[PDB]
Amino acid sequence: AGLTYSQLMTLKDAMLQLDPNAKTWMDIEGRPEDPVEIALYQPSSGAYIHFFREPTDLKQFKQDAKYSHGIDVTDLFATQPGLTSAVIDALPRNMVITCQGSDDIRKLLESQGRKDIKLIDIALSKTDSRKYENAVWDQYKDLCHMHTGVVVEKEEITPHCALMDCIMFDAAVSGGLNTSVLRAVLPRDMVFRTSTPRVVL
């Protein structure tokens, strides 16, 4: 089972925090039939939707962890099951989503019966898409702690985060990196079934 009725209602109310006509980036880590990290980002307000999912196929996950996202699967055991379907079900009707390489996003959305959502494929080159990568992690690394493993290429590389990807691709297309305080749309008790409280220093 997934979200309770009150979680669904809380989620429906939280989605009103998105502007259904504003620019909205989306990115995922993992394959579209088996995603482990999902992010949606509205640069205009700073609002973002960001959550995690436990993988079905461990073998593919462990390859993605080594070559892409660096996520330790044990850190996904406490995620809310069914959240991916509930968030996508809840997205505003006929909203427009921007992505870098729309194919994976499109397959995800279509698998959930959301063909009404229009996609904008930004099609940045590899190097252009990551031109603000280091700056984006430095400004915003506190927003995602889930990329704990070392990630390699065909040489070590900075892990890929669906949320950092949205921020840096928007900056690359906008032609600079804004100073904006971002804000999580989903409550933390929705993202994780059991969650660590804020650290008391």
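Start at 1 with the first residue shown and count on from there.
* Missing residues, deposited sequence, between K154 and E155 (class: none, 1 to 3, 4 to 9, 10 or more) -> Going from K154 to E155, the model skips 4 to 9 residues of the deposited sequence.
- Return whichever of 82 to 90 and 120 to 128 has the greater mean Cα B factor according to the PDB record. Higher of the two, by average CA B-factor, is 120 to 128.
Do the C-alpha atoms of 61 to 69 or of 159 to 167 have the higher average B factor in the entry? The entry gives the higher C-alpha B-factor average to 61 to 69.
message = Can you tell me which of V36, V150, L40, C144 has the maximum CA B-factor listed in the PDB entry?
response = Spelled out: the listed residue with the top C-alpha B-factor is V150.
Highest CA temperature factor in the entry: which of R193, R183, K12, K23?
The C-alpha B-factor peaks, among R193, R183, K12, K23, at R193.
Handout entry: Within-chain third of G175 by Cα B-factor, per the entry
Key = Highest third, going by the recorded CA B-factors of the chain.
Open item on the list: Where does the C-alpha B-factor of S111 rank in its chain, lowest, middle or highest third?
Closed with: Answer is highest: the recorded C-alpha B-factor places it there.
Please place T98 in the lowest, middle or highest third of its chain according to the CA B-factor in the PDB entry. It belongs to the lowest third of the chain when residues are ordered by C-alpha B-factor.
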